[PDB]
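Residue numbers (the numbering used here): 115 to 390.
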RNA sequence: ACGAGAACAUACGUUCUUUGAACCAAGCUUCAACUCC
C-alpha cells in the first residue's frame, strides 16, 4: 500500500460552504472529482470510472503531514475516560493513544472593478502550508492511469479558487513500509479514513456501535457540458472521515447528477484503518 | 465532472503650507631705517 504526498508551493482554498472561509485538507470525492474532470480532459474518463467502481483504485482523503509524521483526524471512540484541543493525531500513535501546527489560514481580499461604475469587493479565504509540510493521500495498489492523471493534474490545480491562482502542487509517491503493516493489521474497531456512505441494504449492519458525524456534501457541477447553466448537486450526506465502526462496510460511487448531458459521480467508498 | 464558475482591492488625491544661517566681535598687539668701520 502506497503513499501520495502533495507539496504545495502556493496557497490553497479548500472551501466547504462558502468562498470567504477555507479548510486545511480536502476530501476524497474532491480528489476523485479532480481526477474525473482531468480524465475527461484526456478522454479516458470511462475506464477510469470502471477502475474506481471495481475497487482497484481506492484512496482515502487528504490528511496533514509534517516531516516524517503522517497524521489523521482524531478518531472518536465511545471512550469512557489538555489534549482535548488537538484535532490530529499521528497515524502510528494510536497504540500509544489507548507541537502540531502546519501553516496558518489567511484571508485574501480581492475586488472586481467595472469601468463606468463603482467596484465591488469579494474576499477569498486561503491556507498556506509551511515549508516542510503539506498533505498526503493514502492509496492501495497504485495504477499507471492514476500516476498519469496526477502527473497531469498538477498543472491544472487541486483546490477551489481556480484559475485565479491558488491551487498548485508537485507530487511524488514515496511508498512506506512503517505504516503498511498498520493497514495489514486487523482489530475489533475499524476507523474510517474517507468520506463514505454505505449502500442502502447494509447501512443498518454498518450502523451498530458507530461514532460518526454526517457531513453534507454537495455544491455546483463544474463542467461546460452539464445542462447549459450552474446546476447544484444532489447533496449526498456521507460519514465524516474521523469515524469509527466496529464492523466494516463498503461504499459506492453515487451518481448525484441525473439531469445534465453526462453523469456526475461522487466518491463515497470506505477506507479503514483496523485497530484493536 | 473539485462549495464550484466568472471577478485587477481598484478609482480620486502636490509631503505640502509659514520660516534672513542669523546675532555679537578693530587684522590687531609689541617694534627707532638702524649698527659698524
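Ideal Cβ placement from N, Cα and C applies to all residues, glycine included.
- Query: Does the Cβ of residue 381 have 16 or more other Cβ atoms within 10 Å, making it buried, or fewer, making it exposed?
  - Reply: Within the first chain, residue 381 is the residue found at index 267, counting from 1. Buried, by the Cβ-count rule.
- Item | residue 321 versus residue 388: straight-line alpha-carbon distance, rounded | Residue mapping note: residue 321 aligns to position 207 of the first chain, counting from 1. Residue mapping note: residue 388 aligns to position 274 of the first chain, counting from 1. Near 17 Å, if we compare the C-alpha coordinates of residue 388 and residue 321.
- Query: Does the Cβ-Cβ distance between residue 128 and residue 137 come in under 7 Å?
  - Reply: Translated into the one-based positions of the first chain, residue 128 becomes position 14. Translated into the one-based positions of the first chain, residue 137 becomes position 23. Yes.
- Message: the ligand FAD and residue 270: does the residue's C-beta get closer than 6 Å to at least one heavy atom of that ligand?
- Response: In the structure on display, the ligand FAD does not appear, and there are no ligands present to speak of.
- Message: Can you tell me where the alpha helix (DSSP H) holding residue 345 begins and where it ends?
- Response: Taking the first chain and counting its residues from 1, one reaches residue 345 at position 231. Residue 345 -> no alpha helix (DSSP H), and no H or E assigned at all.
- Examine the Cβ distances between the region 240-259 and the region 155-169 and report whether three or more of them are shorter than 8 Å. yes
- Item | Opening and closing residue of the beta strand (DSSP E) in which residue 118 lies | Translated into the one-based positions of the first chain, residue 118 becomes position 4. Residue 118 -> beta strand (DSSP E) spans 116-122.
- Message: Taking only three categories from DSSP, how would you classify residue 155?
- Response: By 1-based counting over the first chain, the position of residue 155 is 41. Here residue 155 sits in helix by DSSP.
- Three-way DSSP call (helix, strand, coil) for residue 266 in this model: Position 152 of the first chain, counted from the first residue, corresponds to residue 266. Three-state DSSP puts residue 266 in a helix.
- Segments assigned alpha helix (DSSP H), at least 4 residues, entirely inside the region 266-346: 294-298 and 317-320
- Alpha carbon to alpha carbon, how far is residue 216 from residue 192? Give it in angstroms, no decimals. Position 78 of the first chain holds residue 192. Position 102 of the first chain holds residue 216. Looking at the two C-alpha atoms, the distance is approximately 28 Å.
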